[PDB]
Amino acid sequence: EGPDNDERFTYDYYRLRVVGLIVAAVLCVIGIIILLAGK
Amino acid sequence: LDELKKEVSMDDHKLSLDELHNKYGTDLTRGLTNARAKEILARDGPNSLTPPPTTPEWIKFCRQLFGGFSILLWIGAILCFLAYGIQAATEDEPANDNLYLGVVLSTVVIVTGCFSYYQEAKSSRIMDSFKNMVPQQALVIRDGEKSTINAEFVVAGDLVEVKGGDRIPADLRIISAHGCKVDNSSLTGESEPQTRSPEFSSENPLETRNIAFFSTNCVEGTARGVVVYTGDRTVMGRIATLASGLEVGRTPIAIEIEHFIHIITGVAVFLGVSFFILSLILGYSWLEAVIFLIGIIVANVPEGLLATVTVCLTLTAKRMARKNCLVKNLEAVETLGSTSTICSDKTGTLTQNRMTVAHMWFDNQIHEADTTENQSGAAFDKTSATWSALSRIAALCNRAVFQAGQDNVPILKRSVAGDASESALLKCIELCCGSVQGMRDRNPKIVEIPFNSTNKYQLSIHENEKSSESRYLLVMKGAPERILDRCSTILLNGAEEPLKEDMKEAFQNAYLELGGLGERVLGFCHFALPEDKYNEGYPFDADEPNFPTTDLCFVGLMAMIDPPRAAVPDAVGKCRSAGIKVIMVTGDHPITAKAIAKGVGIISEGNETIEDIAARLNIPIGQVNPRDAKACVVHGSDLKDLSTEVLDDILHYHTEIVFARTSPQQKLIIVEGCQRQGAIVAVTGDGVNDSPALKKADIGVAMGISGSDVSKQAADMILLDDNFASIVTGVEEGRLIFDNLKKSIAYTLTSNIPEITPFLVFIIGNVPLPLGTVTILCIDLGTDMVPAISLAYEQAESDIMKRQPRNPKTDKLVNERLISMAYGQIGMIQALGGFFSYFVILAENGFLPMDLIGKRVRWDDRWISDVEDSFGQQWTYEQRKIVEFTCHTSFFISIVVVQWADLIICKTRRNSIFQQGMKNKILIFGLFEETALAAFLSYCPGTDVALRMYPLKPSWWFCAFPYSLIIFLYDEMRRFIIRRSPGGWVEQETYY
Amino acid sequence: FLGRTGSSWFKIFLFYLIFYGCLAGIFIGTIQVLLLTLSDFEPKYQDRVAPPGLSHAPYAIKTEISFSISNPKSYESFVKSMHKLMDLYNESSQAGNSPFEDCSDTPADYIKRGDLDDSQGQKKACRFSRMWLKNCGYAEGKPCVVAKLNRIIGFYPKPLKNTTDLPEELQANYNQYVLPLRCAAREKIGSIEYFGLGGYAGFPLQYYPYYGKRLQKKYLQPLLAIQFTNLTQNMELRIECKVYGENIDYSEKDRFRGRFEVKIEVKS
Ligand SMILES: *[C@@H]1O[C@H](CO)[C@@H](O[C@@H]2O[C@H](CO)[C@@H](O)[C@H](O)[C@H]2NC(C)=O)[C@H](O)[C@H]1NC(C)=O
Ligand SMILES: CC(C)CCC[C@@H](C)[C@H]1CC[C@H]2[C@@H]3CC=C4C[C@@H](O)CC[C@]4(C)[C@H]3CC[C@]12C
Ligand SMILES: *[C@@H]1O[C@H](CO)[C@@H](O)[C@H](O)[C@H]1NC(C)=O
Ligand SMILES: [K+]
Ligand SMILES: [K+]
Ligand SMILES: [Mg+2]
Ligand SMILES: [Rb+]
């Protein structure tokens with residue numbers, strides 16, 4: 001917007017962290033699954 | 001020091017009984033005086049063995065703390081505390097950087113110390129096992145009276161008494177004996193009881209009957225003797241010292257480790273000081289000049305590599321534990337793969353160590369029995385009525401019995417009370433005719449004449465199990481020729497017939513052939529006594545010939561031997577196909593040694609000794625060109641008068657070598673001879689007479705079930721199930737781990753470049769620091785760890801058992817070709833991918849690449865809270881630093897992303913991924929966990945403080961993707977060239 | 001030689017020359033495409049400069065400006081940087097209707113010169129006289145520090161509204177058009193005096209938004225002179241200058257995030 005362009009200097013680092021941690025966890029689980037296919 | 005002990009012993013068995021007493025101030029009848037014995041005790045010292053001085057574990061741990069990488073990491077750790085000290089004095093720095101980084105680095109050294117300490121293990125209790133062979137007490141005659149004393153109180157000169165069941169307390173001169181037999185397997189590896197008597201019977205004291213040795217035991221009878229040697233001075237006490245004293249030495253794998261440590265340490269100190277001066281010339285304060293150096297150290301040293309090696313070794317040892325192959329020393333996991341020569345004991349190693357029936361001669365025909373443990377062969381005969389007649393004599397004319405409670409275990413494995421030949425016959429009949437006890441119940445023995453030294457035969461009279469007869473049957477066995485002189489008829493295919501010169505000659509032929517096979521041959525015959533001349537109550541006199549022992553019916557011959565283990569012939573061939581030379585080294589007699597050599601394939605068909613040529617051509621052995629003989633059989637008595645140079649010529653000039661009737665020191669000498677030629681040697685054995693050889697071997701392998709305690713103490717590896725096929729597996733595993741270590745090392749080293757280059761450009765370019773010191777440790781200690789380990793699970797790219805053993809002088813674990821690829825090619829591509837993401841982060845925040853050159857001065861200036869970017873905006877100190885640390889984070893993640901491709905390319909040295917596939921589940925696990933770790937380290941809240949890791953925007957993750965892909969393509973194209981032309985260019989330049 | 005023969009030494013050179021040449025050519029290619037995705041007038045991200053920093057002229061050794069009044073070369077270090085900044089706000093530097101403009105001598109509202117486009121020439125910036133900075137060689141005794149708000153493209157600094165309570169409660173509250181700056185230390189052993197545009201202790205909103213170096217060169221950002229004529233002497237005084245606003249925030253880590261950290265000591 002014009003004088004109300006506050007969103008330009010903002011970033012949702014909170015969501016990014018939530019998503020990043022979700023991904024890291026799921027990649028960790030997936031890895032266990034493939035490894036445990038025989039121990 | 002031990003050169004004296006490598007020599008054959010000198011003795012006094014040639015002296016008379018009386019003469020021997022003068023030498024030791026002793027009485028043959030009364031024995032020593034209580035006072036004289038105590039005097040000699042203080043004089044000579046105790047009848048005991050002293051363990052050699054060991055190196056304390058303290059010094060062993062700390063010796064690892066100073067090996068190249070640890071030295072550089074120490075210089076870094078201290079240089080951290082240096083810069084910290086210089087700070088705490090000058091400008092009060094409330095930070096924790098240099099202090100904490102110095103603590104972290106010192107911990108890395110200590111923990112890395114534990115890993116190398118675990119790898120360099122030496123579990124040795126040789127002298128302890130020997131000490132277990134000295135009895136607690138001994139029986140001596142002192143002041144004309146026998147008393148039990150502490151065996152350590154035994155001295156040279158006293159009168160000792162032994163009987164069946166006790167250990168020889170010391171080396172004795174036999175002066176009196178009654179039916180005494182002894183088990184000399186300690187000195188020979190052969191357990192057949194040897195008679196002991198006062199009479200001298202051989203110039204060689206290790207063969208004479210009037211000497212009994214410490215480390216052996218009396219098996220039966222009784223004997224008295226004069227002690228000639230005590231403690232360390234006994235024949236086997238010296239073997240003990242020799243074995244326990246032998247310098248261990250460095251393994252092939254250990255030598256390789258130290259070698260690349262020098263290389264990497266070299267480049268580290270090079271670039272280290274090369275840029276330390278390069279910085280001072282650029283006008284950098286010593287305050288900074290050291291900070292850069294610390295970074296250089298951390299970049300160059302692969303912090304997690306030595307521990308990777310250890311884990312890869314451990315994991316390989318775990319797989320072998322699961323095939324009944326125990327590894328006592330982690331490094332011995334690889335030595336077997338580098339082995340070019342095997343020196344093998346015969347008895348209990350190549351062989352089962354059990355007299356077993358091998359052949360039978362009946363119906364004018366040679367039949368072969370199955371000698372294998374698990375009986376993997378086939379039948380020979382069942383139909384012939386002759387067989388049942390021979391079978392009956394083998395069961396009936398036999399005094400051997402199975403021990404109680406064995407019905408659970410297989411026939412051939414069960415313990416038997418009796419001599420070896422009777423046990424063999426027992427197990428033979430029990431196997432192919434069912435319960436022998438049944439045959440001995442159906443035919444009650446009424447009278448017998450046990451085998452006599454003079455008779456050379458054993459006879460028995462039984463009540464024929466037949467109801468229509470129920471009469472008296474005579475059976476006998478003995479020396480083949482003696483049995484022949486007592487026969488008139490031969491049971492041919494059922495019906496008897498006169499013994500014509502024809503069948504008599506066929507007998508001699510059969511007899512000579514079986515004997516030529518190194519087999520012990522016995523004759524078997526029976527005689528159905530006439531009914532009218534022998535009533536149902538007729539008494540037979542065993543003392544005086546009350547019955548005919550002539551004109552009997554010859555039934556057949558039976559031959560026996562201590563046979564090879566089932567898997568042994570095939571394992572020997574497999575070792576030989578892998579280009580490993582196999583030598584036999586045995587305490588056993590030459591005829592037996594040679595026969596098993598041919599049986600297992602040590603001596604291949606057609607190959608001759610000089611003696612074979614001479615007999616065939618009917619010419620003198622001196623007339624034979626010795627170069628025409630590729631095979632040789634060396635008796636220990638001849639070995640004794642040969643110099644090592646002459647032993648070296650024997651080793652060089654023959655492909656098929658048998659060393660027979662060797663002493664324990666002689667086995668050591670043969671091993672050393674092989675090593676002297678530059679060969680990596682394995683020893684396989686099971687007896688205490690293998691202990692020195694096992695110790696000296698680059699790798700000693702002991703048998704687990706049949707092995708003596710001493711042998712297993714001297715070994716690096718134990719075959720817990722006595723499965724000789726495990727050697728073949730071991731060499732295969734050893735070769736595979738050697739290749740996979742290269743892959744894992746290249747992988748680990750490759751990521752050093754993207755950690756070095758940022759520090760260099762930081763100096764030469766004056767740009768903001770692309771990657772931090774902490775960030776490097778997150779890679780080498782964090783992300784790269786599981787992937788690097790996973791390479792240990794790689795399958796072979798080709799048939800590794802088809803290639804020759806590596807040349808330890810030329811074929812190195814880390815060579816110039818590895819460095820060229822890891823440092824010069826792939827690592828260089830990784831460095832760029834790192835920098836790219838760095839320029840991306842900065843440029844998208846307002847600092848375009850052009851304006852970055854020569855800005856670090858203002859960038860690092862803590863007091864300038866208004867640096868102008870390319871767009872004209874002003875940044876505080878902490879604001880721009882957040883972007884900088886975000887650059888460290890994405891550079892870090894870029895390494896991870898480019899290591900994805902590197903992990904896949906390091907999978908194979910030659911083959912394509914499209915050929916080898918992706919069947920390594922640990923590797924895939926590594927990829928997922930590596931990425932999970934990196935994401936966690938970036939996105940987890942609080943990690944921006946502890947590690948200076950900042951959250952990355954999604955687009956950031958993809959910066960290095962095009963570089964990750966170029967790596968995959970590049971290496972795939974390169975290896976395509978290797979395969980397409982075995983010529984050499986790409987091969988001799990980059991082929992690891 | 002060391003490794004190989006001359007023929008081999010050559011081939012290994014011909015390879016690495018072509019190899020590294022290609023790699024350099026590829027690296028440059030990826031840099032090209034990166035630049036191609038970026039604007040010339042505005043950076044892709046601005047969340048890392050977001051809350052504006054407040055920086056001053058006196059180059060602090062360590063957020064500190066200690067000196068002796070009874071000594072000449074004791075403050076000549078801080079006067080060097082003070083001069084460096086103010087030397088830019090010269091009238092001879094601001095000449096003609098291009099590219100400067102005379103703007104309200106009193107704090108006014110924002111000025112939009114269109115978009116971040118080159119569809120116009122150099123966007124005309126408001127003039128600023130260093131003569132608006134009353135009282136301030138500089139203050140040889142009791143310094144005359146000069147404040148500054150960090151430039152951010154397209155940033156509209158918004159003052160706080162007088163809805164509730166305020167630190168400098170309602171005094172000279174030019175609510176609509178001034179971004180205030182109140183310095184503080186309890187520990188009240190000083191004498192705060194502020195100088196600026198229109199005589200206000202803030203930043204005139206008529207200098208915003210900043211259009212960037214590419215679209216606005218020679219642009220001048222508003223200054224706020226602060227004088228501490230403290231009646232005290234020979235002691236470290238921790239003085240913090242804070243700016244207030246809707247788009248202004250602070251951090252415990254970044255001690256320059258919309259605030260000062262000055263340790264004055266007139267040890268004379
Ligand atoms: C910006 O203004 C300052 C004001 O002090 C100028 O400083 C002048 O320097 C000259 C020569 O050194 C002196 O004779 C004057 O006394 C100073 N003041 C004035 C008001 O003229 C400085 O030169 C100016 N800078 C530029 C680039 O124009
Ligand atoms: C950051 C940049 C400027 C550094 C570049 C370093 C280059 C020149 C280095 C890195 C790795 C190096 C190579 C690594 C391996 C080998 C194989 C060896 O048998 C001869 C030297 C040779 C061929 C090296 C020559 C120089 C080399 C290519
Ligand atoms: C600042 O200077 C003016 C003259 O320009 C003078 O009248 C005034 O006293 C000075 N103010 C202070 C607080 O010293
Ligand atoms: K050994
Ligand atoms: K590394
Ligand atoms: Mg043996
Ligand atoms: Rb490293």
# chains A, B, ... in the order shown; residues from 1 in each chain; ligands from 1
call {"tool": "interface_residues", "arguments": {"of": "chain B", "to": "chain A", "cutoff": "6 Å", "atoms": "only C-alpha atoms", "output": "ChimeraX atom specification"}}
result
/B:921-922,925,928-929,932,935-936,939
call {"tool": "residues_around", "arguments": {"residues": "residue 114 in chain C", "least_positions_apart": "5", "cutoff": "12 Å", "atoms": "only C-alpha atoms", "output": "ChimeraX atom specification"}}
result
/A:2 /C:119-124,154,209-211,215
call {"tool": "interface_residues", "arguments": {"of": "chain C", "to": "chain A", "cutoff": "7 Å", "atoms": "only C-alpha atoms", "output": "list in words"}}
result
residues 46, 47, 50 and 156 of chain C
call {"tool": "write_last_selection", "arguments": {"atoms": "N, CA, C and O atoms", "output": "CSV table (one decimal), in the first residue's frame"}}
result
chain,number,residue,atom,x,y,z
C,46,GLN,N,13.6,-6.8,2.9
C,46,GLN,CA,13.9,-5.6,3.7
C,46,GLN,C,13.6,-5.9,5.2
C,46,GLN,O,13.7,-5.0,6.0
C,47,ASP,N,13.2,-7.1,5.5
C,47,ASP,CA,12.9,-7.5,6.9
C,47,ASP,C,14.1,-7.5,7.9
C,47,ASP,O,13.9,-7.6,9.1
C,50,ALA,N,14.4,-3.8,8.9
C,50,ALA,CA,13.0,-3.3,9.2
C,50,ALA,C,12.9,-2.3,10.3
C,50,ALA,O,12.7,-1.1,9.9
C,156,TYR,N,7.9,4.5,5.8
C,156,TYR,CA,7.1,5.7,6.3
C,156,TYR,C,7.1,5.7,7.8
C,156,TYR,O,6.3,5.0,8.4
call {"tool": "atom_distance", "arguments": {"atom1": "CA of residue 573 in chain B", "atom2": "CA of residue 730 in chain B"}}
result
14.9 Å
call {"tool": "interface_residues", "arguments": {"of": "chain B", "to": "chain C", "cutoff": "10 Å", "atoms": "only C-alpha atoms", "output": "VMD selection string"}}
result
chain B and resid 91 816 824 to 825 828 to 829 832 to 833 835 to 837 839 to 849 862 to 883 959 962 to 963 966 985 989
call {"tool": "residues_near_ligand", "arguments": {"ligand": "ligand 1", "cutoff": "10 Å", "atoms": "only C-alpha atoms and all ligand atoms", "output": "VMD selection string"}}
result
chain C and resid 83 to 93 130 137
call {"tool": "write_last_selection", "arguments": {"atoms": "N, CA and C atoms", "output": "mmCIF file, in the first residue's frame"}}
result
data_model
loop_
_atom_site.group_PDB
_atom_site.id
_atom_site.type_symbol
_atom_site.label_atom_id
_atom_site.label_comp_id
_atom_site.auth_asym_id
_atom_site.auth_seq_id
_atom_site.Cartn_x
_atom_site.Cartn_y
_atom_site.Cartn_z
ATOM 1 N N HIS C 83 32.382 16.672 12.004
ATOM 2 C CA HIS C 83 32.596 17.470 10.794
ATOM 3 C C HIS C 83 32.277 16.711 9.511
ATOM 4 N N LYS C 84 32.699 15.448 9.452
ATOM 5 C CA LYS C 84 32.478 14.578 8.292
ATOM 6 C C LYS C 84 31.006 14.526 7.869
ATOM 7 N N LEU C 85 30.113 14.423 8.853
ATOM 8 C CA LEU C 85 28.675 14.347 8.605
ATOM 9 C C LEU C 85 28.080 15.688 8.173
ATOM 10 N N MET C 86 28.327 16.728 8.967
ATOM 11 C CA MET C 86 27.729 18.051 8.753
ATOM 12 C C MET C 86 28.255 18.728 7.492
ATOM 13 N N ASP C 87 29.480 18.374 7.105
ATOM 14 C CA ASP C 87 30.103 18.861 5.873
ATOM 15 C C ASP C 87 29.279 18.481 4.636
ATOM 16 N N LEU C 88 28.429 17.467 4.781
ATOM 17 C CA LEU C 88 27.561 17.002 3.695
ATOM 18 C C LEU C 88 26.277 17.819 3.574
ATOM 19 N N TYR C 89 25.879 18.460 4.672
ATOM 20 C CA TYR C 89 24.642 19.242 4.725
ATOM 21 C C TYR C 89 24.865 20.712 4.364
ATOM 22 N N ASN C 90 25.953 21.004 3.506
ATOM 23 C CA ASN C 90 26.294 22.362 3.096
ATOM 24 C C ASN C 90 25.309 22.941 2.087
ATOM 25 N N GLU C 91 25.246 24.180 2.165
ATOM 26 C CA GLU C 91 24.318 24.863 1.265
ATOM 27 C C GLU C 91 24.813 24.865 -0.177
ATOM 28 N N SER C 92 26.133 24.906 -0.345
ATOM 29 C CA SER C 92 26.758 24.848 -1.665
ATOM 30 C C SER C 92 26.529 23.496 -2.345
ATOM 31 N N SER C 93 26.216 22.478 -1.543
ATOM 32 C CA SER C 93 25.888 21.146 -2.046
ATOM 33 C C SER C 93 24.441 21.066 -2.522
ATOM 34 N N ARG C 130 21.882 22.863 7.778
ATOM 35 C CA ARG C 130 22.611 22.594 9.013
ATOM 36 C C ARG C 130 22.420 23.750 9.994
ATOM 37 N N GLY C 137 34.725 24.788 15.291
ATOM 38 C CA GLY C 137 34.728 23.682 16.240
ATOM 39 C C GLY C 137 33.402 23.513 16.957
#
call {"tool": "closest_atom_pairs", "arguments": {"of": "chain B", "to": "ligand 2", "cutoff": "9 Å", "atoms": "only C-alpha atoms and all ligand atoms", "output": "tab-separated table"}}
result
residue	atom	partner	partner_atom_place_in_ligand_line	distance
B:753	CA	ligand 2	1 (C)	8.3
B:756	CA	ligand 2	1 (C)	8.2
B:757	CA	ligand 2	1 (C)	5.6
B:758	CA	ligand 2	1 (C)	8.8
B:760	CA	ligand 2	1 (C)	7.1
B:761	CA	ligand 2	1 (C)	7.9
B:815	CA	ligand 2	19 (O)	8.3
B:816	CA	ligand 2	19 (O)	4.7
B:817	CA	ligand 2	17 (C)	6.1
B:818	CA	ligand 2	15 (C)	7.8
B:819	CA	ligand 2	15 (C)	5.1
B:820	CA	ligand 2	15 (C)	3.6
B:821	CA	ligand 2	15 (C)	7.4
B:822	CA	ligand 2	11 (C)	8.3
B:823	CA	ligand 2	11 (C)	5.1
B:824	CA	ligand 2	11 (C)	3.9
B:825	CA	ligand 2	11 (C)	7.6
B:828	CA	ligand 2	1 (C)	7.9
B:831	CA	ligand 2	1 (C)	8.9
B:989	CA	ligand 2	17 (C)	7.6
B:990	CA	ligand 2	17 (C)	8.9
call {"tool": "residues_near_ligand", "arguments": {"ligand": "ligand 4", "cutoff": "7 Å", "atoms": "only C-alpha atoms and all ligand atoms", "output": "PDB file with N, CA, C and O atoms, in the first residue's frame"}}
result
ATOM      1  N   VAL B 248      54.786 -56.495  19.170  1.00  0.00           N
ATOM      2  CA  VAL B 248      53.532 -56.536  18.418  1.00  0.00           C
ATOM      3  C   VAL B 248      53.731 -55.992  16.996  1.00  0.00           C
ATOM      4  O   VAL B 248      53.667 -56.754  16.025  1.00  0.00           O
ATOM      5  N   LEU B 694      51.600 -67.143  15.817  1.00  0.00           N
ATOM      6  CA  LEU B 694      50.342 -66.393  15.824  1.00  0.00           C
ATOM      7  C   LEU B 694      50.581 -64.959  16.252  1.00  0.00           C
ATOM      8  O   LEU B 694      49.954 -64.042  15.716  1.00  0.00           O
ATOM      9  N   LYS B 695      51.479 -64.781  17.220  1.00  0.00           N
ATOM     10  CA  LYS B 695      51.839 -63.469  17.733  1.00  0.00           C
ATOM     11  C   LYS B 695      52.560 -62.654  16.659  1.00  0.00           C
ATOM     12  O   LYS B 695      52.218 -61.489  16.436  1.00  0.00           O
ATOM     13  N   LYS B 696      53.521 -63.276  15.978  1.00  0.00           N
ATOM     14  CA  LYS B 696      54.334 -62.577  14.992  1.00  0.00           C
ATOM     15  C   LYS B 696      53.573 -62.264  13.710  1.00  0.00           C
ATOM     16  O   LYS B 696      53.849 -61.265  13.048  1.00  0.00           O
ATOM     17  N   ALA B 697      52.636 -63.133  13.351  1.00  0.00           N
ATOM     18  CA  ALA B 697      51.799 -62.914  12.174  1.00  0.00           C
ATOM     19  C   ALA B 697      51.215 -61.499  12.165  1.00  0.00           C
ATOM     20  O   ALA B 697      50.902 -60.948  13.218  1.00  0.00           O
ATOM     21  N   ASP B 698      51.076 -60.914  10.982  1.00  0.00           N
ATOM     22  CA  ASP B 698      50.357 -59.650  10.829  1.00  0.00           C
ATOM     23  C   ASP B 698      48.923 -59.815  11.350  1.00  0.00           C
ATOM     24  O   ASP B 698      48.342 -58.888  11.917  1.00  0.00           O
ATOM     25  N   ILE B 699      48.373 -61.007  11.156  1.00  0.00           N
ATOM     26  CA  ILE B 699      47.105 -61.407  11.760  1.00  0.00           C
ATOM     27  C   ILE B 699      47.155 -62.892  12.090  1.00  0.00           C
ATOM     28  O   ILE B 699      47.446 -63.724  11.227  1.00  0.00           O
ATOM     29  N   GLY B 700      46.897 -63.214  13.349  1.00  0.00           N
ATOM     30  CA  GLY B 700      46.783 -64.597  13.767  1.00  0.00           C
ATOM     31  C   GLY B 700      45.324 -64.959  13.926  1.00  0.00           C
ATOM     32  O   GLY B 700      44.549 -64.207  14.536  1.00  0.00           O
ATOM     33  N   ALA B 714      46.916 -65.589  21.705  1.00  0.00           N
ATOM     34  CA  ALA B 714      47.942 -65.102  20.789  1.00  0.00           C
ATOM     35  C   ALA B 714      47.364 -64.561  19.491  1.00  0.00           C
ATOM     36  O   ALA B 714      48.065 -63.895  18.732  1.00  0.00           O
ATOM     37  N   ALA B 715      46.086 -64.847  19.249  1.00  0.00           N
ATOM     38  CA  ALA B 715      45.443 -64.518  17.985  1.00  0.00           C
ATOM     39  C   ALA B 715      44.769 -63.151  17.987  1.00  0.00           C
ATOM     40  O   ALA B 715      44.521 -62.569  19.042  1.00  0.00           O
ATOM     41  N   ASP B 716      44.482 -62.654  16.788  1.00  0.00           N
ATOM     42  CA  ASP B 716      43.740 -61.417  16.606  1.00  0.00           C
ATOM     43  C   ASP B 716      42.275 -61.702  16.292  1.00  0.00           C
ATOM     44  O   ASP B 716      41.432 -60.820  16.393  1.00  0.00           O
TER      45      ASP B 716
END
call {"tool": "residues_around", "arguments": {"residues": "residue 476 in chain B", "least_positions_apart": "6", "cutoff": "8 Å", "atoms": "only C-alpha atoms", "output": "PDB file with C-alpha atoms, in the first residue's frame"}}
result
ATOM      1  CA  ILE B 393      34.866-107.569  13.192  1.00  0.00           C
ATOM      2  CA  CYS B 397      37.051-106.793  17.887  1.00  0.00           C
ATOM      3  CA  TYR B 457      47.133-108.419  16.774  1.00  0.00           C
ATOM      4  CA  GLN B 458      43.966-108.439  18.881  1.00  0.00           C
ATOM      5  CA  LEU B 459      41.540-111.382  18.911  1.00  0.00           C
ATOM      6  CA  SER B 460      38.048-112.038  20.310  1.00  0.00           C
ATOM      7  CA  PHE B 524      40.761-107.783   9.565  1.00  0.00           C
ATOM      8  CA  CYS B 525      39.987-111.509   9.609  1.00  0.00           C
ATOM      9  CA  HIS B 526      37.672-114.041  11.244  1.00  0.00           C
TER      10      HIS B 526
END
call {"tool": "residues_near_ligand", "arguments": {"ligand": "ligand 3", "cutoff": "10 Å", "atoms": "only C-alpha atoms and all ligand atoms", "output": "list in words"}}
result
residues 134, 135, 136, 139, 142, 191, 192, 193, 227, 228 and 229 of chain C
call {"tool": "write_last_selection", "arguments": {"atoms": "C-alpha atoms", "output": "CSV table (one decimal), in the first residue's frame"}}
result
chain,number,residue,atom,x,y,z
C,134,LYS,CA,21.2,25.7,16.6
C,135,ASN,CA,24.3,26.0,18.8
C,136,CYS,CA,26.1,23.4,16.7
C,139,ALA,CA,31.1,21.8,22.0
C,142,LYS,CA,29.4,19.5,27.2
C,191,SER,CA,20.5,19.1,31.0
C,192,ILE,CA,18.8,17.8,27.8
C,193,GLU,CA,18.6,20.3,24.9
C,227,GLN,CA,23.2,19.0,23.5
C,228,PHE,CA,24.0,17.9,27.0
C,229,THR,CA,25.0,21.0,29.0
call {"tool": "atom_distance", "arguments": {"atom1": "CA of residue 591 in chain B", "atom2": "CA of residue 520 in chain B"}}
result
11.0 Å
call {"tool": "atom_distance", "arguments": {"atom1": "CA of residue 794 in chain B", "atom2": "CA of residue 980 in chain B"}}
result
22.9 Å
call {"tool": "residues_near_ligand", "arguments": {"ligand": "ligand 7", "cutoff": "7 Å", "atoms": "only C-alpha atoms and all ligand atoms", "output": "list in words"}}
result
residues 298, 299, 300, 301, 302, 303, 752, 755, 776 and 780 of chain B
call {"tool": "write_last_selection", "arguments": {"atoms": "N, CA and C atoms", "output": "mmCIF file, in the first residue's frame"}}
result
data_model
loop_
_atom_site.group_PDB
_atom_site.id
_atom_site.type_symbol
_atom_site.label_atom_id
_atom_site.label_comp_id
_atom_site.auth_asym_id
_atom_site.auth_seq_id
_atom_site.Cartn_x
_atom_site.Cartn_y
_atom_site.Cartn_z
ATOM 1 N N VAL B 298 40.989 -25.455 11.675
ATOM 2 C CA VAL B 298 39.697 -26.128 11.731
ATOM 3 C C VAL B 298 39.228 -26.552 10.336
ATOM 4 N N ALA B 299 39.495 -25.702 9.347
ATOM 5 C CA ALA B 299 39.141 -25.985 7.958
ATOM 6 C C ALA B 299 39.916 -27.178 7.374
ATOM 7 N N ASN B 300 41.227 -27.214 7.624
ATOM 8 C CA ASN B 300 42.110 -28.232 7.060
ATOM 9 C C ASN B 300 42.028 -29.610 7.711
ATOM 10 N N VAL B 301 41.892 -29.631 9.031
ATOM 11 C CA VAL B 301 41.764 -30.878 9.766
ATOM 12 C C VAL B 301 40.348 -31.435 9.609
ATOM 13 N N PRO B 302 40.219 -32.674 9.098
ATOM 14 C CA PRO B 302 38.914 -33.332 9.058
ATOM 15 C C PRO B 302 38.571 -33.934 10.423
ATOM 16 N N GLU B 303 37.944 -33.128 11.275
ATOM 17 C CA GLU B 303 37.740 -33.453 12.692
ATOM 18 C C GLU B 303 37.058 -34.788 12.965
ATOM 19 N N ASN B 752 36.285 -30.273 2.861
ATOM 20 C CA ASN B 752 37.316 -29.399 3.440
ATOM 21 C C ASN B 752 37.522 -28.137 2.618
ATOM 22 N N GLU B 755 35.281 -25.223 3.148
ATOM 23 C CA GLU B 755 35.520 -24.672 4.483
ATOM 24 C C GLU B 755 36.819 -23.855 4.533
ATOM 25 N N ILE B 776 31.861 -24.901 10.623
ATOM 26 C CA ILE B 776 32.692 -26.008 10.131
ATOM 27 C C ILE B 776 32.520 -27.279 10.976
ATOM 28 N N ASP B 780 31.639 -31.324 9.974
ATOM 29 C CA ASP B 780 32.549 -32.453 10.166
ATOM 30 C C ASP B 780 32.195 -33.327 11.342
#
call {"tool": "closest_atom_pairs", "arguments": {"of": "chain B", "to": "ligand 6", "cutoff": "7 Å", "atoms": "only C-alpha atoms and all ligand atoms", "output": "CSV"}}
result
residue,atom,partner,partner_atom_place_in_ligand_line,distance
B:189,CA,ligand 6,1 (Mg),4.7
B:345,CA,ligand 6,1 (Mg),5.5
B:346,CA,ligand 6,1 (Mg),5.6
B:347,CA,ligand 6,1 (Mg),3.8
B:348,CA,ligand 6,1 (Mg),4.5
B:349,CA,ligand 6,1 (Mg),5.6
B:685,CA,ligand 6,1 (Mg),5.6
B:686,CA,ligand 6,1 (Mg),4.7
B:687,CA,ligand 6,1 (Mg),4.8
call {"tool": "closest_residue", "arguments": {"among": "B:793, B:838, B:958, B:747", "to": "ligand 5", "atoms": "only C-alpha atoms and all ligand atoms"}}
result
B:747
